[PDB]
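Scroll down for the structure; my scribbles are underneath it.
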Amino acid sequence: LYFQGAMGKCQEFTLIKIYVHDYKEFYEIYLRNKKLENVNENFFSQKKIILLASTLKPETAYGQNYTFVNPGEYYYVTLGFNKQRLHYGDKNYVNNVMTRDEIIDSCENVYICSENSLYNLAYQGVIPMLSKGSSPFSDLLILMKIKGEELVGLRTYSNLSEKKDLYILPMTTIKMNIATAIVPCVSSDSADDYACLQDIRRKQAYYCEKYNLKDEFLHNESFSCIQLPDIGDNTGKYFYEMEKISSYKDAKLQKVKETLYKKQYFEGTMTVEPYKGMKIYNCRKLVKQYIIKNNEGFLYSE
């Protein structure tokens, strides 16, 4: 199993907070998908609504121009904490067992993420577990369950990106059994991200009828965070062209990504301050320290 060209098995993921810009645009989606009580407009106004995006390349987050979900598959909406809460108590694992009401008080953030991640997130203290004190079995508080389709086109930002008008775009090759299954799009420094964007632009028309997207939302710049020795920056682009990729489904792409991930990791250098000219492995660590220190994300293992 691979993620962004690397073996998923081996590393910590970095989860980055991708904020919804307008809670009403999210609330609309909630009302429509309710059809298929105190969870009001007023509830979503008092909470930050966050997609937990997963990445093994947090050094490229400056270059985030979109955010990818799988449109065919289901995502889960829950309540969790702003910083990891490491209550142990009676148990050896982390467990913030709360009632429906206690959860609604203590959780300032509405998180959106894959089914795969939930129990992992709960055991790493990011979300509470639900209880009425009458079952030994675990439970989570799920506000809703929606297909990634429904999220597409939502205006979103991160606090690490250069630009703040990032949109949710559809990627069908996202794997629902790898971390949160929401991934930053960085089309400058990822061949897979560049290829997905090209397809979507190449079919402006199709994607705009099927989803809630507009032509004008589909041309955001992605600042290129990584240089290679003789290639220069914009490596996502350069390897897409040199390996004649025609589609983000091209079966050939899986190995391009792997070749790119490694070449960046050992031979690449950083293009942004305060990391200019640094090696990826040194910068990556600094960015994760920054992300954790400012509560813009979480460390995540599964």
Side-chain angles (χ1 to χ4, degrees), residues 3-6 13-22 48-70 75 111-113 148 151-171 173-174 178-201 213 216-227 233-237 240 248 257 260-261 264-265 268 270-276 278 280 283-284 286-292 294-300:
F3 186 86
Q4 301 169 323
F13 296 83
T14 304
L15 302 186
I16 295 169
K17 291 183 185 180
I18 304 293
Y19 304 90
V20 176
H21 192 67
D22 186 1
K48 301 199 172 198
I49 304 185
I50 288 162
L51 295 87
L52 296 176
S54 300
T55 190
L56 300 170
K57 306 173 80 200
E59 72 281 352
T60 62
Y62 196 66
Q64 189 176 175
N65 59 337
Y66 296 89
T67 294
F68 286 136
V69 297
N70 190 325
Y75 289 87
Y111 291 132
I112 308 188
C113 60
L151 307 176
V152 167
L154 255 193
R155 209 190 153 185
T156 52
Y157 67 94
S158 90
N159 288 330
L160 318 173
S161 38
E162 189 220 30
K163 306 226 162 146
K164 302 292 177 214
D165 38 352
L166 317 188
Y167 293 84
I168 296 181
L169 290 188
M171 179 175 266
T173 54
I174 283 165
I178 304 176
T180 66
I182 309 186
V183 190
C185 169
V186 188
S187 53
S188 60
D189 308 322
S190 160
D192 189 27
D193 299 342
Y194 188 94
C196 189
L197 261 179
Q198 285 292 345
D199 281 31
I200 291 164
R201 290 167 184 183
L213 296 170
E216 55 256 33
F217 300 164
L218 306 172
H219 298 89
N220 303 342
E221 189 224 347
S222 170
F223 193 100
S224 183
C225 308
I226 303 187
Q227 276 153 2
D233 75 334
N234 292 279
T235 55
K237 192 218 204 187
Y240 174 91
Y248 82 90
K257 293 171 73 177
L260 179 58
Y261 174 86
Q264 288 182 358
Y265 188 76
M270 296 300 304
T271 64
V272 288
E273 22 279 290
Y275 309 122
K276 206 178 228 164
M278 285 181 88
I280 306 318
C283 168
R284 182 169 295 175
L286 295 173
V287 175
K288 287 163 65 162
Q289 287 174 341
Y290 175 102
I291 287 162
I292 292 313
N294 296 283
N295 307 274
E296 291 303 325
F298 303 102
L299 303 185
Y300 174 94

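Just so it is clear, the values below take in all heavy atoms, side chains as well, and ignore hydrogens, waters and symmetry mates. Residue numbers run from 1 in the order of the sequence given.
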Heavy-atom closest pair, residues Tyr248 and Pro170: OH-O, 4.4 Å
Enclosure of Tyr157 OH (heavy-atom neighbours >12, cutoff 6.0 Å): yes
Beyond-backbone contact of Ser188 with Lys237, side-chain heavy atoms, under 4.5 angstrom: no
For the residue pair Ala191 and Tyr240, what are the closest heavy atoms and their distance? O-CD1, 4.4 Å
For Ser187, the option from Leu197, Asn220, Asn234 that meets side-chain contact (heavy atoms from CB on, under 4.5 Å): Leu197
Looking only at atom types and distance, does a side-chain atom of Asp193 sit under 3.5 Å from a main-chain N or O of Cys185, one as donor and one as acceptor? no
Chi angles and distances behind the side chain to side chain contact (heavy atoms under 4.5 Å, CB included) call for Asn159, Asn294: CA-CA 10 Å; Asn159 288 330; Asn294 296 283; over 6 Å; no
How long is the gap from CD1 on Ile49 to CG on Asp22, to the nearest 0.5 Å? 9.0 Å
To the nearest 0.5 Å, how far apart are OG1 in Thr180 and OH in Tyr111? 12.0 Å
Distance-minimising heavy-atom pair for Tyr19 and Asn295: OH-O, 4.3 Å
How about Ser54 and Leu15: do any of their side-chain heavy atoms sit closer than 4.5 Å? yes
Exercise: identify the closest heavy-atom pair between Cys225 and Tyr62: SG-CB, 3.8 Å
More than 12 non-hydrogen atoms from neighbouring residues, nucleotides or ligands closer than 6.0 Å to NZ on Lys17, yes or no? yes
Of the non-hydrogen atoms in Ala61 and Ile16, which two are nearest, and what is the gap between them? CB-CD1, 3.8 Å
Any non-hydrogen side-chain atom of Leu166 less than 4.5 Å from a side-chain atom of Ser161? yes
Please answer whether the main-chain N or O of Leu218 pairs with a side-chain N or O of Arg201 as donor and acceptor at a distance below 3.5 Å. yes
Mind telling me whether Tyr167 and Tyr66 have parallel, tilted or perpendicular rings, with 30° and 60° as the class edges? tilted
Is the shortest side-chain heavy-atom distance between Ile182 and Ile18 below 4.5 Å? no
Under the criterion side chain to side chain contact (heavy atoms under 4.5 Å, CB included), I'd like the reasoning laid out for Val287 against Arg284: C-alpha separation, chi angles, the key distance, then a yes or no. CA-CA 5 Å; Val287 175; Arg284 182 169 295 175; 6.0 Å; no
4.5 Å side-chain heavy-atom contact, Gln264 and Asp189: yes
Quick check on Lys164: does its NZ atom have over 12 non-hydrogen neighbours (other residues, nucleotides or ligands) under 6.0 Å away? yes
Heavy-atom closest pair, residues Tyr261 and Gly5: CB-O, 3.6 Å
Got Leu169 and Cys196 here, is their nearest side-chain heavy-atom distance under 4.5 Å? no
What verdict does the side chain to side chain contact (heavy atoms under 4.5 Å, CB included) test give for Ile226 and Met270, after you've listed the backbone C-alpha separation in whole Å, the side-chain angles of each residue and the deciding distance to 0.1 Å? CA-CA 5 Å; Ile226 303 187; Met270 296 300 304; 4.2 Å; yes
Nearest 0.5 Å, what's the CD1-CD1 distance between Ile112 and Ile50? 9.5 Å
Calculate, to the nearest 0.5 Å, the distance between atoms OG1 and CD belonging to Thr271 and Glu59 respectively. 10.5 Å
Spacing of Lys163 atom NZ and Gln64 atom CD [to the nearest 0.5 Å]: 14.0 Å
Chi angles and distances behind the side chain to side chain contact (heavy atoms under 4.5 Å, CB included) call for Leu151, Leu51: CA-CA 10 Å; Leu151 307 176; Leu51 295 87; 4.2 Å; yes
Going by atom types only, do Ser158 and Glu296 share a side-chain donor-acceptor pair under 3.5 Å? no
Return the CD to CG distance between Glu162 and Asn65, rounded to the nearest 0.5 Å. 10.0 Å
